[PDB]
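Below is protein.tsv, holding TSV, C-alpha atoms.
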```
chain	number	residue	atom	x	y	z
T	64	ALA	CA	-156.68	156.92	-21.91
T	65	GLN	CA	-157.48	154.55	-24.77
T	66	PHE	CA	-159.18	156.26	-27.70
T	67	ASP	CA	-160.16	155.58	-31.31
T	68	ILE	CA	-159.14	157.96	-34.09
T	69	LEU	CA	-160.49	158.62	-37.59
T	70	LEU	CA	-157.73	159.51	-40.05
T	71	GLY	CA	-159.82	160.87	-42.92
T	72	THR	CA	-162.44	160.05	-45.56
T	73	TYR	CA	-161.69	159.71	-49.28
T	74	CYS	CA	-164.34	160.15	-51.98
T	75	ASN	CA	-163.71	160.04	-55.72
T	76	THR	CA	-165.29	162.37	-58.28
T	77	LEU	CA	-166.86	160.90	-61.41
T	78	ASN	CA	-165.81	162.17	-64.84
T	79	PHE	CA	-168.63	162.95	-67.26
T	80	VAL	CA	-168.40	161.88	-70.90
T	81	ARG	CA	-169.79	163.95	-73.76
T	82	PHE	CA	-170.75	161.99	-76.85
T	83	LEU	CA	-169.45	164.52	-79.39
T	84	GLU	CA	-165.89	164.44	-78.01
T	85	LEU	CA	-165.79	160.69	-78.69
T	86	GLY	CA	-164.42	159.56	-82.03
T	87	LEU	CA	-167.59	157.52	-82.60
T	88	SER	CA	-169.55	160.75	-83.24
T	89	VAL	CA	-168.18	160.89	-86.81
T	90	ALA	CA	-170.11	157.72	-87.71
T	91	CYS	CA	-173.54	159.35	-87.33
T	92	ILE	CA	-175.52	162.52	-88.04
T	93	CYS	CA	-177.46	163.36	-84.88
T	94	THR	CA	-180.55	165.56	-85.10
T	95	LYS	CA	-183.20	166.40	-82.51
T	96	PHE	CA	-186.86	165.62	-83.14
T	97	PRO	CA	-189.31	166.13	-80.23
T	98	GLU	CA	-192.34	164.64	-82.03
T	99	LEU	CA	-190.75	161.22	-82.54
T	100	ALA	CA	-193.26	159.30	-80.41
T	101	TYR	CA	-196.03	160.16	-82.89
T	102	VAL	CA	-194.11	158.88	-85.94
T	103	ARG	CA	-195.70	155.80	-87.50
T	104	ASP	CA	-193.16	155.29	-90.29
T	105	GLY	CA	-190.31	157.33	-91.76
T	106	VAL	CA	-189.46	157.21	-95.46
T	107	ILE	CA	-186.10	158.07	-97.02
T	108	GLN	CA	-185.66	157.92	-100.79
T	109	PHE	CA	-182.85	157.45	-103.31
T	110	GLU	CA	-182.78	158.16	-107.06
T	111	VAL	CA	-179.57	156.71	-108.51
T	112	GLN	CA	-178.84	156.67	-112.24
Y	64	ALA	CA	-80.80	150.31	-29.28
Y	65	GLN	CA	-83.29	147.54	-30.31
Y	66	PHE	CA	-86.57	149.48	-30.21
Y	67	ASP	CA	-90.09	148.59	-31.31
Y	68	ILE	CA	-92.22	150.97	-33.36
Y	69	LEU	CA	-95.94	151.56	-33.86
Y	70	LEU	CA	-96.69	152.68	-37.42
Y	71	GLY	CA	-100.10	154.30	-36.98
Y	72	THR	CA	-103.64	153.32	-36.03
Y	73	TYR	CA	-106.40	153.27	-38.65
Y	74	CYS	CA	-110.05	153.84	-37.71
Y	75	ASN	CA	-113.07	154.30	-39.96
Y	76	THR	CA	-116.21	156.37	-39.48
Y	77	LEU	CA	-119.72	155.30	-40.40
Y	78	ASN	CA	-121.82	156.64	-43.27
Y	79	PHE	CA	-125.20	157.76	-41.93
Y	80	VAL	CA	-128.32	157.17	-44.01
Y	81	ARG	CA	-131.59	159.08	-43.76
Y	82	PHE	CA	-134.87	157.44	-44.71
Y	83	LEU	CA	-136.26	160.38	-46.70
Y	84	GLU	CA	-133.22	160.71	-48.98
Y	85	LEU	CA	-133.69	157.11	-50.13
Y	86	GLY	CA	-135.95	156.47	-53.10
Y	87	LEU	CA	-138.07	154.11	-50.99
Y	88	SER	CA	-139.48	157.13	-49.13
Y	89	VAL	CA	-141.72	157.95	-52.11
Y	90	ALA	CA	-143.87	154.88	-51.34
Y	91	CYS	CA	-145.13	156.18	-47.98
Y	92	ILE	CA	-146.63	159.30	-46.40
Y	93	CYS	CA	-144.89	159.68	-43.05
Y	94	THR	CA	-146.49	161.61	-40.21
Y	95	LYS	CA	-145.43	161.96	-36.58
Y	96	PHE	CA	-147.91	160.98	-33.89
Y	97	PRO	CA	-146.76	161.17	-30.24
Y	98	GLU	CA	-149.94	159.67	-28.73
Y	99	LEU	CA	-149.73	156.46	-30.77
Y	100	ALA	CA	-149.44	154.04	-27.84
Y	101	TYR	CA	-152.88	155.17	-26.60
Y	102	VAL	CA	-154.69	154.38	-29.87
Y	103	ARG	CA	-156.98	151.37	-29.47
Y	104	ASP	CA	-158.15	151.22	-33.11
Y	105	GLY	CA	-157.80	153.70	-35.97
Y	106	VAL	CA	-159.97	153.56	-39.09
Y	107	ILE	CA	-159.92	155.03	-42.59
Y	108	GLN	CA	-163.01	155.45	-44.76
Y	109	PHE	CA	-163.87	155.36	-48.47
Y	110	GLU	CA	-166.96	156.49	-50.39
Y	111	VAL	CA	-166.65	155.36	-54.02
Y	112	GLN	CA	-169.38	155.81	-56.65
```
Let's see the structure in the file written out as structure tokens.
Amino acid sequence: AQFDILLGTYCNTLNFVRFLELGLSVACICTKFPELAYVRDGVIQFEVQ
Amino acid sequence: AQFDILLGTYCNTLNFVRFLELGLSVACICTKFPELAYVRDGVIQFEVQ
């Protein structure tokens, strides 16, 4: 009465990372812009006295 | 008179150990299996992403 037995399957669950909860999120100012593919150039100006 | 005397017999008893009460029992997950001599090959499985 020889027989093979399966004793169980183990599968891990991935943990998802949100960017805001990282400490690196304080080094940038994120902002959404859907029409970014149409942008030729983008100008940002400074006036320092 | 000239008698001989026996001044007592000393006998010790054993100290029984159980495997679970040892701290080594934490490193295994014991399970009874009466039909173990009939097992030809047992397998475990993993699915890791």
Mind fitting chain Y to chain T by least squares on all Cα atoms in order and giving back the moved coordinates as a compact mmCIF listing (two decimals) with C-alpha atoms, keeping the file's coordinate frame?
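Written out: superposed.txt:
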```
# COMPACT_ATOMS: atom_id res chain seq x y z
CA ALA Y 64 -156.69 158.30 -22.21
CA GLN Y 65 -157.26 155.34 -24.62
CA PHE Y 66 -158.93 157.13 -27.55
CA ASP Y 67 -159.85 155.98 -31.04
CA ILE Y 68 -159.06 158.06 -34.12
CA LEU Y 69 -160.52 158.43 -37.61
CA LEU Y 70 -157.80 159.18 -40.16
CA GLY Y 71 -159.84 160.68 -43.00
CA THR Y 72 -162.54 159.63 -45.45
CA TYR Y 73 -161.73 159.21 -49.15
CA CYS Y 74 -164.38 159.70 -51.84
CA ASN Y 75 -163.99 159.81 -55.61
CA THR Y 76 -165.90 161.78 -58.23
CA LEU Y 77 -166.99 160.47 -61.61
CA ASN Y 78 -165.54 161.44 -64.99
CA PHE Y 79 -168.37 162.52 -67.29
CA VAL Y 80 -168.23 161.60 -70.97
CA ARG Y 81 -170.02 163.38 -73.81
CA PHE Y 82 -171.00 161.51 -76.96
CA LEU Y 83 -169.84 164.18 -79.42
CA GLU Y 84 -166.31 164.43 -78.01
CA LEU Y 85 -165.78 160.72 -78.69
CA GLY Y 86 -164.44 159.71 -82.08
CA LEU Y 87 -167.48 157.46 -82.61
CA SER Y 88 -169.62 160.58 -83.13
CA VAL Y 89 -168.18 161.01 -86.64
CA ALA Y 90 -170.13 157.94 -87.82
CA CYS Y 91 -173.57 159.49 -87.29
CA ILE Y 92 -175.52 162.67 -88.04
CA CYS Y 93 -177.46 163.45 -84.88
CA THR Y 94 -180.60 165.56 -84.96
CA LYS Y 95 -183.13 166.30 -82.23
CA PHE Y 96 -186.77 165.47 -82.89
CA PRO Y 97 -189.28 166.05 -80.06
CA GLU Y 98 -192.30 164.56 -81.88
CA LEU Y 99 -190.64 161.19 -82.47
CA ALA Y 100 -193.13 159.07 -80.51
CA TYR Y 101 -195.90 160.16 -82.92
CA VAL Y 102 -194.09 158.98 -86.07
CA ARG Y 103 -195.78 155.92 -87.56
CA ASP Y 104 -193.29 155.38 -90.41
CA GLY Y 105 -190.52 157.59 -91.78
CA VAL Y 106 -188.98 157.06 -95.22
CA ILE Y 107 -185.88 158.19 -97.09
CA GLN Y 108 -185.59 158.27 -100.88
CA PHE Y 109 -182.87 157.79 -103.50
CA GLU Y 110 -182.76 158.59 -107.22
CA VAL Y 111 -179.56 157.14 -108.71
CA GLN Y 112 -178.70 157.22 -112.43
```
Please report as a Markdown table every residue of chain Y lying within 7 Å of chain T, along with the nearest atom pair and their distance in Å (one decimal), using all atoms listed in the file.
```
| residue | atom | partner | partner_atom | distance |
| --- | --- | --- | --- | --- |
| Y:101 | CA | T:65 | CA | 5.0 |
| Y:102 | CA | T:66 | CA | 5.3 |
| Y:103 | CA | T:67 | CA | 5.6 |
| Y:104 | CA | T:67 | CA | 5.1 |
| Y:105 | CA | T:68 | CA | 4.8 |
| Y:106 | CA | T:69 | CA | 5.3 |
| Y:107 | CA | T:70 | CA | 5.6 |
| Y:108 | CA | T:72 | CA | 4.7 |
| Y:109 | CA | T:73 | CA | 4.9 |
| Y:110 | CA | T:74 | CA | 4.8 |
| Y:111 | CA | T:74 | CA | 5.7 |
```
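Across the model, the gap from CA of residue 99 in chain Y to CA of residue 87 in chain Y is 23.5 Å.
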Between CA of residue 98 in chain T and CA of residue 80 in chain T, measure the distance and give it in Å to one decimal.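 It comes out at 26.5 Å.
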Using Å and a single decimal, report how far CA of residue 96 in chain T sits from CA of residue 83 in chain T.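 For CA of residue 83 in chain T relative to CA of residue 96 in chain T, the distance reads 17.8 Å.
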